[PDB]
Structures are given as C-alpha cells and as structure tokens.
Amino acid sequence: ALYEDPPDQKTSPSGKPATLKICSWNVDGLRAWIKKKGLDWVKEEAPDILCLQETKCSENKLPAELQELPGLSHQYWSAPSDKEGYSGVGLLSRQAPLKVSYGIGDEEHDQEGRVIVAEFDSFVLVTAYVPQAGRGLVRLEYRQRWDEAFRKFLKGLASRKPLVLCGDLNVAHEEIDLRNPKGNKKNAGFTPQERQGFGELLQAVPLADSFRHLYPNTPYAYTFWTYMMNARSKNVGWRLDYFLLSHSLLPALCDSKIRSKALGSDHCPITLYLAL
C-alpha cells in the first residue's frame, strides 16, 4: 500500500537533458477541478503540453481561467455531439502544432470527444479518454471494436512519425496495476478481453509502457482511486493513465512520473520527460 514516486530524472541515458514535459490528467469535470485548484498545480508543473480528460464542459462554458494560462495558450478542445457532461478531452500547448486533428477516422467512434491528435516535427502526440466496458459489461463489445480501431489508427500514425499515446486508457494491463486484482478480474478495467487489448496495441503499433520500461517490477503505483469510501488513503487504486511511446523514443525517455499527491479528481496527474 506504500507508494512515494521516485525523484524526477531530467536526463537521458545518453546524457541529453530533457527538452519536453507532457502532463496528462483526468479532471472529473474541468469546472470542478479548476475550483479545487488544479490549474495552480499545472502552473507549478510547468508542462510544455497539458492533456486533460473527462472535461465535461463545452467551449462556450469553458472557464475563463484557461485564457490566463500563459505558457499553455494554444488550446484545443473536443466534446460529445449528443451528450453534455460526458467525456470531453483537452490539449493545451506552448507551441502551436503543425496539425490538430480530432478523432480516429471511424465516424462511429468520433462522436464522444475522446481523441485529440497533435503533430509536431519530431513526434505526433495523441491524448485519449478510452471508453468503458460498463457496469454489467454492457458496452464491452463496443470497447473491443473501439480497440481494434484505435490500434489500427495509431499504427498508421506511427508509420509516418514517432508516436506518444497518453491519457486514460481505461485498462489496468497487469496485476501490478491494481491493488485488488482478483475481485475485479470480471469487472470494468480488468477484463481479460481488454487486458489482451492492451497487449495487442503494444505489439501492433508498436508501443511501450513508459512507466513499466523504467520501473518494471514496481508495484502499488496507481493513477485513480474510487471516491467510494477512502481508497486513496489506503492506496486502493488502479493505473489507467499511461504514456505509451514509439520504440524510437525509448532512447529519449528520461522519466514517466505518477504525481500521486496532486488532488482535485479521482485521478492523479502523470508527467513525462523527453530529450527530443
């Protein structure tokens, strides 16, 4: 139950200082996270790119605080066409990307505001809020098709330029990514279909878990803890937030941090360092 994140390695194995800092954070309501002081933490983090998930807020009700973010002025937003207070993603950046696409191509999937795709010269960054399987595993059939369609979309992106996937992938790949792995082997987040889903995505694009490459056998490292009861205090949680990287980016990986003590959601912020 013990997890204090290691210190920030800001250099590469080749001695190269980190040039890039990406942050990803499911904000369980942008309008409820800004009031509980998350933009302040993001200002103490100084990310070059901030990727926000479950914003549940449309651009028209976008809080005004976003326009007082000085090193994060390029701001791209997605939302569901039908649902309000559902999903919603964000990409705030210091540099203006060459291209900002939204979605994954399959119109069926490009509806709930779950994917922003930003291209830069060295790399394409894709933020995401992957769909749940459901209480009762209802939309689990949907997830499996959605997965084939994201792994195929991202393989063709990685065909052109090195790829960094980040965000809430809604899956604990292995038993080290969750505290109670047996009580949830049939529950949402830890179904065998989705676990195999993750592994197929790692091999197909291909991709590597930024955290499990650097910390291969490090347990108790979680990114989400239920509001039911006091799971974050007894550290009962899951690792659903990740930094998936192209293999051609493992040489530039300095660190993948899980900022556990950053509050304001049911999720904690994850931060990446890269010498690119």
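Just count from 1 along the sequence shown to find any residue number.
K.L.:
What stretch has the higher average Cα B-factor here, 101 to 109 or 86 to 94?
P.N.:
Mean CA B-factor is higher for 101 to 109.
K.L.:
Higher average CA B factor in the deposited record is what I'm after, so tell me if that's 55 to 63 or 236 to 244.
P.N.:
Averaging CA B-factors over each stretch, the winner is 55 to 63.
K.L.:
Per the entry, which of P181, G71, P131, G189 tops the list for Cα B factor?
P.N.:
That would be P181, according to the entry.
K.L.:
Of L125, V115, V205, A172, which one's C-alpha B factor is largest in the deposited record?
P.N.:
Going by the entry's C-alpha B-factors, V205 comes out highest.
K.L.:
Lowest, middle or highest third: which one holds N230 when the chain's residues are ordered by CA B-factor from the entry?
P.N.:
Within its chain, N230 is a highest-third residue by C-alpha B-factor, going by the deposited values.
K.L.:
Among the modelled residues of this chain, does the Cα B factor of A1 put it in the lowest, middle or highest third?
P.N.:
For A1, the deposited C-alpha B-factor lands in the middle third.
K.L.:
Would you please rank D48 by its C-alpha temperature factor against the other modelled residues of its chain and give the third it falls in: lowest, middle or highest?
P.N.:
Lowest third.
K.L.:
Relative to the other modelled residues in the chain, which third contains the C-alpha temperature factor of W33: lowest, middle or highest?
P.N.:
Within its chain, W33 is a highest-third residue by C-alpha B-factor, going by the deposited values.
K.L.:
Sorting the chain's CA B-factors, does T218 end up in the lowest, middle or highest third?
P.N.:
Middle third.
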